[PDB]
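Enquirer: My file is query_14.cif. It has mmCIF, C-alpha atoms and all ligand atoms:
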data_run
loop_
_atom_site.group_PDB
_atom_site.id
_atom_site.type_symbol
_atom_site.label_atom_id
_atom_site.label_comp_id
_atom_site.auth_asym_id
_atom_site.auth_seq_id
_atom_site.Cartn_x
_atom_site.Cartn_y
_atom_site.Cartn_z
ATOM 1 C CA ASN H 1 -80.579 13.172 -133.357
ATOM 2 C CA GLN H 2 -81.030 10.952 -130.286
ATOM 3 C CA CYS H 3 -78.177 12.282 -128.137
ATOM 4 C CA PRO H 4 -78.695 13.452 -124.582
ATOM 5 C CA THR H 5 -78.866 17.234 -124.087
ATOM 6 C CA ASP H 6 -75.465 18.926 -124.261
ATOM 7 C CA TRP H 7 -73.962 15.987 -126.208
ATOM 8 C CA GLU H 8 -73.282 16.174 -129.964
ATOM 9 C CA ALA H 9 -74.200 13.471 -132.472
ATOM 10 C CA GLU H 10 -71.898 11.897 -135.044
ATOM 11 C CA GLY H 11 -72.369 8.450 -136.535
ATOM 12 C CA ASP H 12 -73.483 5.920 -133.937
ATOM 13 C CA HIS H 13 -72.016 7.975 -131.036
ATOM 14 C CA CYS H 14 -72.514 11.125 -128.928
ATOM 15 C CA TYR H 15 -69.603 13.351 -127.855
ATOM 16 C CA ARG H 16 -69.133 16.042 -125.195
ATOM 17 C CA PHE H 17 -66.205 18.458 -124.751
ATOM 18 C CA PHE H 18 -65.306 19.635 -121.217
ATOM 19 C CA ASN H 19 -63.212 22.815 -121.136
ATOM 20 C CA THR H 20 -61.521 22.105 -117.789
ATOM 21 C CA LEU H 21 -57.806 21.450 -117.301
ATOM 22 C CA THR H 22 -57.497 18.263 -115.286
ATOM 23 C CA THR H 23 -55.432 15.058 -115.064
ATOM 24 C CA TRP H 24 -56.084 12.078 -117.339
ATOM 25 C CA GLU H 25 -57.184 10.002 -114.355
ATOM 26 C CA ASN H 26 -59.773 12.549 -113.344
ATOM 27 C CA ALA H 27 -61.006 13.127 -116.914
ATOM 28 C CA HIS H 28 -61.409 9.327 -117.232
ATOM 29 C CA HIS H 29 -63.385 9.116 -113.951
ATOM 30 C CA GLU H 30 -65.569 12.090 -114.998
ATOM 31 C CA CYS H 31 -66.441 10.580 -118.379
ATOM 32 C CA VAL H 32 -67.220 7.166 -116.877
ATOM 33 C CA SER H 33 -69.549 8.756 -114.295
ATOM 34 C CA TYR H 34 -72.147 9.588 -117.019
ATOM 35 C CA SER H 35 -72.608 5.906 -117.925
ATOM 36 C CA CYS H 36 -76.044 4.343 -117.612
ATOM 37 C CA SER H 37 -76.462 0.622 -117.034
ATOM 38 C CA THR H 38 -80.262 0.597 -117.541
ATOM 39 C CA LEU H 39 -79.754 1.463 -121.241
ATOM 40 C CA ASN H 40 -76.243 -0.147 -121.535
ATOM 41 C CA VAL H 41 -74.797 3.234 -122.354
ATOM 42 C CA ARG H 42 -71.047 3.456 -121.765
ATOM 43 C CA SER H 43 -69.627 6.936 -121.291
ATOM 44 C CA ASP H 44 -65.850 7.061 -121.466
ATOM 45 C CA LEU H 45 -62.925 9.087 -122.737
ATOM 46 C CA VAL H 46 -63.134 9.389 -126.530
ATOM 47 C CA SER H 47 -61.744 6.507 -128.662
ATOM 48 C CA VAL H 48 -60.809 7.305 -132.255
ATOM 49 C CA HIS H 49 -61.287 4.714 -135.049
ATOM 50 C CA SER H 50 -60.840 6.592 -138.315
ATOM 51 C CA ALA H 51 -59.501 9.767 -139.904
ATOM 52 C CA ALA H 52 -63.094 11.037 -140.122
ATOM 53 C CA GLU H 53 -63.627 10.476 -136.387
ATOM 54 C CA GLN H 54 -60.245 12.108 -135.672
ATOM 55 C CA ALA H 55 -61.237 15.196 -137.727
ATOM 56 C CA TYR H 56 -64.663 15.432 -136.105
ATOM 57 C CA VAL H 57 -63.302 15.222 -132.562
ATOM 58 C CA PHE H 58 -60.480 17.695 -133.292
ATOM 59 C CA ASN H 59 -62.800 20.150 -135.135
ATOM 60 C CA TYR H 60 -65.377 19.984 -132.299
ATOM 61 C CA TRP H 61 -62.647 20.674 -129.739
ATOM 62 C CA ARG H 62 -60.967 23.557 -131.596
ATOM 63 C CA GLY H 63 -64.326 25.129 -132.489
ATOM 64 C CA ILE H 64 -64.779 25.869 -128.786
ATOM 65 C CA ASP H 65 -61.224 26.018 -127.399
ATOM 66 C CA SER H 66 -58.525 28.105 -129.120
ATOM 67 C CA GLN H 67 -55.882 27.994 -126.355
ATOM 68 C CA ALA H 68 -52.581 26.195 -126.989
ATOM 69 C CA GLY H 69 -52.804 22.855 -125.305
ATOM 70 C CA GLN H 70 -53.927 19.271 -125.447
ATOM 71 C CA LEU H 71 -57.081 17.101 -125.242
ATOM 72 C CA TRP H 72 -57.133 13.809 -123.305
ATOM 73 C CA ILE H 73 -58.369 10.750 -125.188
ATOM 74 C CA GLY H 74 -58.993 7.256 -123.819
ATOM 75 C CA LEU H 75 -55.708 5.696 -125.025
ATOM 76 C CA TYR H 76 -53.223 4.442 -122.411
ATOM 77 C CA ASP H 77 -50.384 2.013 -121.729
ATOM 78 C CA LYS H 78 -50.384 2.112 -117.876
ATOM 79 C CA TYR H 79 -51.050 -1.628 -117.500
ATOM 80 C CA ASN H 80 -48.474 -2.828 -120.125
ATOM 81 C CA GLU H 81 -45.720 -0.344 -121.141
ATOM 82 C CA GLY H 82 -45.705 0.270 -124.885
ATOM 83 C CA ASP H 83 -49.028 -1.475 -125.559
ATOM 84 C CA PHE H 84 -51.568 1.333 -126.036
ATOM 85 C CA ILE H 85 -55.210 0.340 -125.555
ATOM 86 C CA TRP H 86 -58.578 2.151 -125.421
ATOM 87 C CA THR H 87 -60.369 2.451 -122.041
ATOM 88 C CA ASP H 88 -63.706 1.594 -123.693
ATOM 89 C CA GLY H 89 -62.278 -1.854 -124.689
ATOM 90 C CA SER H 90 -62.519 -1.248 -128.444
ATOM 91 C CA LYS H 91 -59.670 -2.573 -130.577
ATOM 92 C CA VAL H 92 -56.964 -0.164 -131.736
ATOM 93 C CA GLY H 93 -56.851 0.248 -135.544
ATOM 94 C CA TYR H 94 -56.454 3.845 -136.520
ATOM 95 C CA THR H 95 -53.526 5.733 -135.014
ATOM 96 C CA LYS H 96 -52.251 9.306 -135.551
ATOM 97 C CA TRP H 97 -49.092 9.535 -133.444
ATOM 98 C CA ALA H 98 -47.089 12.784 -133.842
ATOM 99 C CA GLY H 99 -43.541 12.447 -135.148
ATOM 100 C CA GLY H 100 -41.338 11.130 -132.334
ATOM 101 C CA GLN H 101 -44.293 9.782 -130.324
ATOM 102 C CA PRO H 102 -45.061 7.806 -128.322
ATOM 103 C CA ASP H 103 -41.761 8.079 -126.404
ATOM 104 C CA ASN H 104 -42.503 7.318 -122.736
ATOM 105 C CA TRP H 105 -40.562 10.435 -121.804
ATOM 106 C CA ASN H 106 -38.922 10.187 -118.393
ATOM 107 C CA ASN H 107 -40.510 6.714 -118.141
ATOM 108 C CA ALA H 108 -43.733 8.324 -116.943
ATOM 109 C CA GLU H 109 -45.901 8.932 -120.023
ATOM 110 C CA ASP H 110 -48.837 6.466 -120.314
ATOM 111 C CA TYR H 111 -51.817 8.682 -121.237
ATOM 112 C CA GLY H 112 -52.881 9.634 -124.758
ATOM 113 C CA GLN H 113 -53.918 13.097 -125.937
ATOM 114 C CA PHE H 114 -54.369 15.194 -129.086
ATOM 115 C CA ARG H 115 -52.041 18.109 -129.687
ATOM 116 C CA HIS H 116 -53.693 21.326 -130.876
ATOM 117 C CA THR H 117 -51.567 21.155 -134.089
ATOM 118 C CA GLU H 118 -51.257 18.832 -137.050
ATOM 119 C CA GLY H 119 -54.951 17.928 -137.003
ATOM 120 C CA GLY H 120 -54.759 16.582 -133.452
ATOM 121 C CA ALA H 121 -51.624 14.411 -133.766
ATOM 122 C CA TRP H 122 -51.262 12.237 -130.695
ATOM 123 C CA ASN H 123 -48.821 12.373 -127.812
ATOM 124 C CA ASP H 124 -48.329 10.285 -124.721
ATOM 125 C CA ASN H 125 -48.106 12.345 -121.518
ATOM 126 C CA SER H 126 -47.841 11.798 -117.688
ATOM 127 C CA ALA H 127 -50.266 11.483 -114.740
ATOM 128 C CA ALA H 128 -49.185 14.972 -113.590
ATOM 129 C CA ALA H 129 -49.945 16.696 -116.873
ATOM 130 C CA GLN H 130 -53.125 18.657 -117.447
ATOM 131 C CA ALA H 131 -55.292 18.874 -120.510
ATOM 132 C CA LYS H 132 -58.909 19.448 -121.568
ATOM 133 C CA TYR H 133 -61.085 16.368 -122.177
ATOM 134 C CA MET H 134 -63.723 14.805 -124.373
ATOM 135 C CA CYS H 135 -66.287 12.105 -123.526
ATOM 136 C CA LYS H 136 -67.974 9.647 -125.898
ATOM 137 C CA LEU H 137 -71.120 7.543 -125.539
ATOM 138 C CA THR H 138 -71.144 4.002 -126.841
ATOM 139 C CA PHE H 139 -74.431 2.125 -127.067
ATOM 140 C CA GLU H 140 -73.298 -1.328 -125.964
ATOM 141 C CA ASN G 1 -78.584 6.476 -135.012
ATOM 142 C CA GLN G 2 -77.836 7.264 -131.361
ATOM 143 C CA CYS G 3 -80.408 5.010 -129.703
ATOM 144 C CA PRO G 4 -79.424 2.364 -127.173
ATOM 145 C CA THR G 5 -79.194 -1.199 -128.373
ATOM 146 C CA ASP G 6 -82.634 -2.806 -128.881
ATOM 147 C CA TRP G 7 -84.296 0.594 -129.210
ATOM 148 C CA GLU G 8 -85.377 2.096 -132.537
ATOM 149 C CA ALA G 9 -84.941 5.685 -133.685
ATOM 150 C CA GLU G 10 -87.516 8.064 -135.021
ATOM 151 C CA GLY G 11 -87.176 11.810 -134.897
ATOM 152 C CA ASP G 12 -85.957 13.127 -131.549
ATOM 153 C CA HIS G 13 -86.846 9.906 -129.732
ATOM 154 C CA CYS G 14 -86.138 6.229 -129.288
ATOM 155 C CA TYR G 15 -88.847 3.553 -128.959
ATOM 156 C CA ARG G 16 -88.861 -0.046 -127.812
ATOM 157 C CA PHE G 17 -91.518 -2.691 -128.188
ATOM 158 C CA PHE G 18 -91.917 -5.319 -125.506
ATOM 159 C CA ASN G 19 -93.731 -8.370 -126.785
ATOM 160 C CA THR G 20 -95.006 -9.579 -123.372
ATOM 161 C CA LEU G 21 -98.511 -9.410 -121.990
ATOM 162 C CA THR G 22 -98.749 -7.427 -118.771
ATOM 163 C CA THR G 23 -100.882 -4.896 -116.947
ATOM 164 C CA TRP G 24 -100.711 -1.147 -117.607
ATOM 165 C CA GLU G 25 -99.296 -0.558 -114.098
ATOM 166 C CA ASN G 26 -96.469 -3.007 -114.623
ATOM 167 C CA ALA G 27 -95.814 -1.720 -118.124
ATOM 168 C CA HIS G 28 -95.561 1.795 -116.777
ATOM 169 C CA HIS G 29 -92.924 0.765 -114.181
ATOM 170 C CA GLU G 30 -91.019 -1.348 -116.787
ATOM 171 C CA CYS G 31 -90.784 1.626 -119.153
ATOM 172 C CA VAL G 32 -89.730 4.098 -116.418
ATOM 173 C CA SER G 33 -87.017 1.595 -115.372
ATOM 174 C CA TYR G 34 -85.022 2.425 -118.552
ATOM 175 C CA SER G 35 -84.502 6.049 -117.426
ATOM 176 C CA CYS G 36 -80.947 7.359 -117.094
ATOM 177 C CA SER G 37 -80.606 10.297 -114.655
ATOM 178 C CA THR G 38 -76.945 10.947 -115.489
ATOM 179 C CA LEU G 39 -77.870 11.770 -119.108
ATOM 180 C CA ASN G 40 -81.278 13.323 -118.319
ATOM 181 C CA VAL G 41 -82.991 10.561 -120.272
ATOM 182 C CA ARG G 42 -86.585 10.009 -119.190
ATOM 183 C CA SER G 43 -88.105 6.673 -120.255
ATOM 184 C CA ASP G 44 -91.862 6.234 -120.131
ATOM 185 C CA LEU G 45 -94.827 4.640 -121.802
ATOM 186 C CA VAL G 46 -95.168 5.976 -125.338
ATOM 187 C CA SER G 47 -96.945 9.283 -125.921
ATOM 188 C CA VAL G 48 -98.352 9.967 -129.386
ATOM 189 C CA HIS G 49 -98.510 13.502 -130.784
ATOM 190 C CA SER G 50 -99.331 13.168 -134.463
ATOM 191 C CA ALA G 51 -100.613 10.857 -137.187
ATOM 192 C CA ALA G 52 -96.945 10.180 -138.110
ATOM 193 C CA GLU G 53 -96.005 9.127 -134.621
ATOM 194 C CA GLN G 54 -99.177 7.021 -134.413
ATOM 195 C CA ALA G 55 -98.259 5.188 -137.651
ATOM 196 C CA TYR G 56 -94.628 4.803 -136.609
ATOM 197 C CA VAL G 57 -95.568 3.221 -133.295
ATOM 198 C CA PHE G 58 -98.336 1.036 -134.803
ATOM 199 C CA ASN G 59 -96.132 -0.199 -137.674
ATOM 200 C CA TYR G 60 -93.227 -0.878 -135.343
ATOM 201 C CA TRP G 61 -95.444 -2.968 -133.069
ATOM 202 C CA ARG G 62 -97.123 -4.797 -135.927
ATOM 203 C CA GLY G 63 -93.746 -5.445 -137.621
ATOM 204 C CA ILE G 64 -93.026 -7.855 -134.762
ATOM 205 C CA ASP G 65 -96.341 -8.963 -133.310
ATOM 206 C CA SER G 66 -98.908 -11.029 -135.316
ATOM 207 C CA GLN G 67 -101.315 -11.643 -132.437
ATOM 208 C CA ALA G 68 -104.702 -10.128 -131.952
ATOM 209 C CA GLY G 69 -104.496 -7.861 -128.955
ATOM 210 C CA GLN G 70 -103.613 -4.426 -127.691
ATOM 211 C CA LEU G 71 -100.614 -2.198 -126.963
ATOM 212 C CA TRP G 72 -100.420 -0.094 -123.781
ATOM 213 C CA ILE G 73 -99.597 3.600 -124.245
ATOM 214 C CA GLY G 74 -98.944 6.285 -121.679
ATOM 215 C CA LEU G 75 -102.469 7.736 -121.825
ATOM 216 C CA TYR G 76 -104.590 7.639 -118.655
ATOM 217 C CA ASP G 77 -107.390 9.329 -116.697
ATOM 218 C CA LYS G 78 -106.709 7.641 -113.349
ATOM 219 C CA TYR G 79 -106.475 10.929 -111.445
ATOM 220 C CA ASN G 80 -109.217 12.880 -113.222
ATOM 221 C CA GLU G 81 -111.933 10.783 -114.799
ATOM 222 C CA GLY G 82 -112.699 11.722 -118.351
ATOM 223 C CA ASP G 83 -109.566 13.869 -118.878
ATOM 224 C CA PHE G 84 -106.972 11.638 -120.611
ATOM 225 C CA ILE G 85 -103.367 12.814 -120.172
ATOM 226 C CA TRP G 86 -99.896 11.538 -120.945
ATOM 227 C CA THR G 87 -97.779 10.121 -118.084
ATOM 228 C CA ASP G 88 -94.671 11.880 -119.494
ATOM 229 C CA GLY G 89 -96.229 15.312 -118.921
ATOM 230 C CA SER G 90 -96.499 16.214 -122.643
ATOM 231 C CA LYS G 91 -99.786 17.748 -123.740
ATOM 232 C CA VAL G 92 -102.570 15.853 -125.481
ATOM 233 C CA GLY G 93 -103.174 17.308 -128.923
ATOM 234 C CA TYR G 94 -103.586 14.486 -131.384
ATOM 235 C CA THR G 95 -106.028 11.732 -130.538
ATOM 236 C CA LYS G 96 -107.187 8.632 -132.416
ATOM 237 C CA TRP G 97 -109.921 7.072 -130.315
ATOM 238 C CA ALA G 98 -111.751 4.128 -131.832
ATOM 239 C CA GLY G 99 -115.427 4.567 -132.475
ATOM 240 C CA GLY G 100 -117.343 4.317 -129.249
ATOM 241 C CA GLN G 101 -114.267 4.986 -127.138
ATOM 242 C CA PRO G 102 -113.328 6.035 -124.592
ATOM 243 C CA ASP G 103 -116.279 4.620 -122.666
ATOM 244 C CA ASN G 104 -115.025 4.144 -119.072
ATOM 245 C CA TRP G 105 -116.585 0.709 -119.140
ATOM 246 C CA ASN G 106 -118.035 -0.439 -115.797
ATOM 247 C CA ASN G 107 -116.566 2.776 -114.299
ATOM 248 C CA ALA G 108 -113.184 1.040 -114.333
ATOM 249 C CA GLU G 109 -111.310 1.931 -117.565
ATOM 250 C CA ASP G 110 -108.561 4.504 -117.120
ATOM 251 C CA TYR G 111 -105.633 3.210 -119.239
ATOM 252 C CA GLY G 112 -105.045 3.789 -122.881
ATOM 253 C CA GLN G 113 -103.971 1.290 -125.504
ATOM 254 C CA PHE G 114 -103.848 0.827 -129.317
ATOM 255 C CA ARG G 115 -106.018 -1.859 -130.862
ATOM 256 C CA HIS G 116 -104.279 -4.091 -133.463
ATOM 257 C CA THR G 117 -106.836 -2.935 -136.052
ATOM 258 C CA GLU G 118 -107.814 0.406 -137.648
ATOM 259 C CA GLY G 119 -104.268 1.745 -137.643
ATOM 260 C CA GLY G 120 -104.020 1.399 -133.837
ATOM 261 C CA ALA G 121 -107.250 3.231 -132.931
ATOM 262 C CA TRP G 122 -107.305 3.820 -129.176
ATOM 263 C CA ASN G 123 -109.296 2.167 -126.418
ATOM 264 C CA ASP G 124 -109.519 2.771 -122.657
ATOM 265 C CA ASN G 125 -109.200 -0.414 -120.604
ATOM 266 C CA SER G 126 -109.051 -1.544 -116.983
ATOM 267 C CA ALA G 127 -106.299 -2.136 -114.411
ATOM 268 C CA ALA G 128 -106.939 -5.912 -114.709
ATOM 269 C CA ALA G 129 -106.530 -6.048 -118.449
ATOM 270 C CA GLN G 130 -103.383 -7.306 -120.205
ATOM 271 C CA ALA G 131 -101.621 -5.952 -123.310
ATOM 272 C CA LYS G 132 -98.174 -5.692 -124.914
ATOM 273 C CA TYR G 133 -96.391 -2.321 -124.397
ATOM 274 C CA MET G 134 -94.197 0.292 -125.983
ATOM 275 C CA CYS G 135 -91.655 2.602 -124.303
ATOM 276 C CA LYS G 136 -90.221 5.939 -125.422
ATOM 277 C CA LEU G 137 -87.096 7.870 -124.474
ATOM 278 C CA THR G 138 -87.239 11.627 -124.121
ATOM 279 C CA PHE G 139 -83.940 13.502 -123.915
ATOM 280 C CA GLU G 140 -84.761 16.288 -121.521
HETATM 281 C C1 LIG Y 201 -109.952 -3.981 -126.578
HETATM 282 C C2 LIG Y 201 -111.147 -3.113 -126.491
HETATM 283 O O1 LIG Y 201 -111.339 -2.216 -127.297
HETATM 284 N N1 LIG Y 201 -111.971 -3.378 -125.478
HETATM 285 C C3 LIG Y 201 -113.208 -2.667 -125.310
HETATM 286 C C4 LIG Y 201 -113.466 -2.288 -123.860
HETATM 287 O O2 LIG Y 201 -112.574 -1.360 -123.292
HETATM 288 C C5 LIG Y 201 -114.891 -1.930 -123.552
HETATM 289 O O3 LIG Y 201 -114.986 -0.574 -124.110
HETATM 290 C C6 LIG Y 201 -115.995 -2.621 -124.320
HETATM 291 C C7 LIG Y 201 -117.388 -2.048 -124.261
HETATM 292 O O4 LIG Y 201 -118.350 -3.091 -124.685
HETATM 293 O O5 LIG Y 201 -115.678 -2.939 -125.651
HETATM 294 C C8 LIG Y 201 -114.366 -3.310 -126.021
HETATM 295 O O6 LIG Y 201 -114.330 -4.615 -125.407
HETATM 296 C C1 LIG Y 202 -47.620 17.972 -125.595
HETATM 297 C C2 LIG Y 202 -46.507 17.107 -126.122
HETATM 298 O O1 LIG Y 202 -46.541 16.601 -127.228
HETATM 299 N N1 LIG Y 202 -45.493 16.923 -125.267
HETATM 300 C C3 LIG Y 202 -44.347 16.122 -125.595
HETATM 301 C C4 LIG Y 202 -43.953 15.244 -124.445
HETATM 302 O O2 LIG Y 202 -44.882 14.218 -124.042
HETATM 303 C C5 LIG Y 202 -42.561 14.706 -124.535
HETATM 304 O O3 LIG Y 202 -42.705 13.613 -125.450
HETATM 305 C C6 LIG Y 202 -41.523 15.537 -125.248
HETATM 306 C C7 LIG Y 202 -40.198 14.801 -125.533
HETATM 307 O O4 LIG Y 202 -39.277 15.856 -125.844
HETATM 308 O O5 LIG Y 202 -41.939 16.343 -126.339
HETATM 309 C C8 LIG Y 202 -43.256 16.926 -126.360
HETATM 310 O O6 LIG Y 202 -43.611 17.343 -127.684
HETATM 311 CA CA CA Y 203 -45.705 3.066 -117.785
HETATM 312 CA CA CA Y 204 -45.821 4.586 -121.444
HETATM 313 CA CA CA Y 205 -44.616 11.966 -125.179
HETATM 314 CA CA CA Y 206 -111.557 6.221 -113.103
HETATM 315 CA CA CA Y 207 -111.802 6.447 -117.019
HETATM 316 CA CA CA Y 208 -113.080 1.057 -123.400
#
Reformat the file's structure so that it appears as structure tokens.

Expert:
Amino acid sequence: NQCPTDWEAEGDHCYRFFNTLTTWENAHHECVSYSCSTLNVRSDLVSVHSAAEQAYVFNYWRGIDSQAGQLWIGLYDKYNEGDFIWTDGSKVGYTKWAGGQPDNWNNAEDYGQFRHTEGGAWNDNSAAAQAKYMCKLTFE
Amino acid sequence: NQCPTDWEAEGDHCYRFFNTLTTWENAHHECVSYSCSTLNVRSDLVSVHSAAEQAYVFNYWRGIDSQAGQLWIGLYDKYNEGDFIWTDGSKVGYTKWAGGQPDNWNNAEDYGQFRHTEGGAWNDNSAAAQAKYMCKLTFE
């Protein structure tokens, strides 16, 4: 494959899991920092556009990490409450919200993440929460 | 594949043909300019390590370009006359010099290039000469 070292190939993308508990905001900033303008490579929190991509991302994550917990993804509704969008600017199609989610619990949940159960069913969580994270390269 | 837009994939690498006449020196700089330090991607003039890579590069070039002329590659003997090496630090195994080449013509030819004939058989040319050029990404 043609992925940078320490990134994994799948389809037209590269992915990299970071086994560090941090905030969504910091995970987002970390992923974006790998970007490279000279090749128009965007690095960003992972966006998910199919069941296949969901399964790949989840299976990659849980192949390395077996702790109970969550995995930040690039979905958020910070700018317009209830309207979830991807940080990489790609259009939302596929969704996999867990039962009862999203719920904007305590009016402070704007940041998307996989649960470790139900094949990575999604939850919205707060700016104070911690989770692991996953970056994705997009060749723009 | 996982190559950047406007680059082509083959094996563990990406390649990109630039259909513009320029000097070897400028071609070298142009190719290195596509490097991405955050992803440990080194871009350089193409190095050629087998008959397969030779044919891939030649056929890629000649898929686009109909003109008689040459294609700069990363081979040079600028720093040690008569010992051609790759700018990307990979070792010279495979060679495909044209008959009568290299000849260090007028004591001034230190830069490698494919001819548009004989499957891209190589010639050494001067710092004043012009050719098209091909870059290559190496994921270090
Ligand atoms: C393009 C090409 O192969 N050019 C060469 C050149 O480098 C020099 O070797 C010369 C010797 O008469 O013959 C050819 O012109
Ligand atoms: C990790 C996770 O899913 N946490 C949620 C949380 O965001 C909140 O929605 C809550 C509402 O009771 O329930 C949980 O299941
Ligand atoms: Ca909000
Ligand atoms: Ca919200
Ligand atoms: Ca929630
Ligand atoms: Ca010389
Ligand atoms: Ca020479
Ligand atoms: Ca020559």

Enquirer: For segment 121-123 of chain G, please output as a PyMOL selection string all residues within 8 Å (counting all atoms listed in the file; exclusion window: fewer than 4 positions along the same chain).

Expert: chain G and resi 96-98+101-102+112-117

Enquirer: Please write the residues from the selection above to a file, keeping C-alpha atoms, as a PDB file, in the coordinates of the input.

Expert:
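Result went into result_31.pdb, see below:
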ATOM      1  CA  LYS G  96    -107.187   8.632-132.416  1.00  0.00           C
ATOM      2  CA  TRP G  97    -109.921   7.072-130.315  1.00  0.00           C
ATOM      3  CA  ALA G  98    -111.751   4.128-131.832  1.00  0.00           C
ATOM      4  CA  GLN G 101    -114.267   4.986-127.138  1.00  0.00           C
ATOM      5  CA  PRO G 102    -113.328   6.035-124.592  1.00  0.00           C
ATOM      6  CA  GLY G 112    -105.045   3.789-122.881  1.00  0.00           C
ATOM      7  CA  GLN G 113    -103.971   1.290-125.504  1.00  0.00           C
ATOM      8  CA  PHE G 114    -103.848   0.827-129.317  1.00  0.00           C
ATOM      9  CA  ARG G 115    -106.018  -1.859-130.862  1.00  0.00           C
ATOM     10  CA  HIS G 116    -104.279  -4.091-133.463  1.00  0.00           C
ATOM     11  CA  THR G 117    -106.836  -2.935-136.052  1.00  0.00           C
TER      12      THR G 117
END

Enquirer: Residues of chain G that approach ligand LIG 201 (chain Y) to 6 Å or less, counting all atoms listed in the file: could you list each one with the shortest pair of atoms and its distance in Å to one decimal, rows by chain and increasing residue number, as a tab-separated table?

Expert:
residue	atom	partner	partner_atom	distance
G:103	CA	Y:LIG201	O3	5.5
G:105	CA	Y:LIG201	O3	5.4
G:123	CA	Y:LIG201	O1	4.9
G:124	CA	Y:LIG201	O2	5.2
G:125	CA	Y:LIG201	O2	4.4

Enquirer: Determine the residue set returned by the PyMOL selection byres ((chain H) within 10 of (chain G)) for the present structure, and present it as a list in words.

Expert: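 So the PyMOL selection byres ((chain H) within 10 of (chain G)), applied here, picks out residues 1, 2, 3, 4, 5, 6, 7, 9, 10, 11, 12, 13, 14, 33, 34, 35, 36, 37, 38, 39, 40, 41, 43, 137, 138, 139 and 140 of chain H.
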
Enquirer: If you apply the PyMOL selection byres (((chain G and resi 73) around 10) and not hetatm) to this file, what residues do you get, as number ranges by chain?

Expert: G: 24, 27-28, 44-48, 57, 70-72, 74-76, 86-87, 111-114, 122, 131-136

Enquirer: Hey, which residues come within 7 Å of ligand CA 203 (chain Y) if we count all atoms listed in the file? Could you give them as a list in words?

Expert: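 Selection of residues at most 7 Å from ligand CA 203 (chain Y): residues 77, 78, 80, 81, 107, 108, 109 and 110 of chain H.
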
Enquirer: Go ahead and write the residues just picked, C-alpha atoms, as a PDB file, keeping the file's coordinate frame.

Expert:
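Contents of the output file again_35.pdb:
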ATOM      1  CA  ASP H  77     -50.384   2.013-121.729  1.00  0.00           C
ATOM      2  CA  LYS H  78     -50.384   2.112-117.876  1.00  0.00           C
ATOM      3  CA  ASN H  80     -48.474  -2.828-120.125  1.00  0.00           C
ATOM      4  CA  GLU H  81     -45.720  -0.344-121.141  1.00  0.00           C
ATOM      5  CA  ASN H 107     -40.510   6.714-118.141  1.00  0.00           C
ATOM      6  CA  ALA H 108     -43.733   8.324-116.943  1.00  0.00           C
ATOM      7  CA  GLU H 109     -45.901   8.932-120.023  1.00  0.00           C
ATOM      8  CA  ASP H 110     -48.837   6.466-120.314  1.00  0.00           C
TER       9      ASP H 110
END

Enquirer: Name the closest residue to residue 52 of chain G among the candidates G:127, G:26, G:31, G:95; distances are taken between atoms, counting all atoms listed in the file.

Expert: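 Answer, going by the shortest atom-to-atom distance: G:95.
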
Enquirer: In Å to one decimal, how far is atom CA of residue 16 of chain G from atom CA of residue 63 of chain G?

Expert: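 Straight-line distance from atom CA of residue 63 of chain G to atom CA of residue 16 of chain G works out to 12.2 Å.
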
Enquirer: Please report the interatomic distance between atom CA of residue 25 of chain G and atom CA of residue 130 of chain G in Å with one decimal.

Expert: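 Here the two named atoms are 10.0 Å from each other.
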
Enquirer: Report the centre and edge lengths, in Å to one decimal, of an axis-aligned box enclosing every atom of segment 9-15 of chain H listed in the file, padded by 4 Å on each side, as AutoDock Vina command-line options.

Expert:
--center_x -71.9 --center_y 9.7 --center_z -132.2 --size_x 12.6 --size_y 15.6 --size_z 16.7

Enquirer: One decimal, Å: what's the distance from atom CA of residue 100 of chain G over to atom CA of residue 29 of chain G, could you say?

Expert: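 Atom-to-atom, atom CA of residue 100 of chain G and atom CA of residue 29 of chain G are spaced 28.9 Å apart.
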
Enquirer: With distances taken over all atoms listed in the file, which residue among H:50, H:59, H:20, H:104 lies nearest ligand CA 204 (chain Y)?

Expert: H:104

Enquirer: Using all atoms listed in the file, can you tell me which of G:99, G:68, G:120, G:62 comes closest to ligand CA 208 (chain Y)?

Expert: G:99

Enquirer: Which one of H:60, H:129, H:89, H:82 sits closest to ligand CA 204 (chain Y) if you count all atoms listed in the file?

Expert: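 Checking each candidate against ligand CA 204 (chain Y), we get H:82 as the closest.
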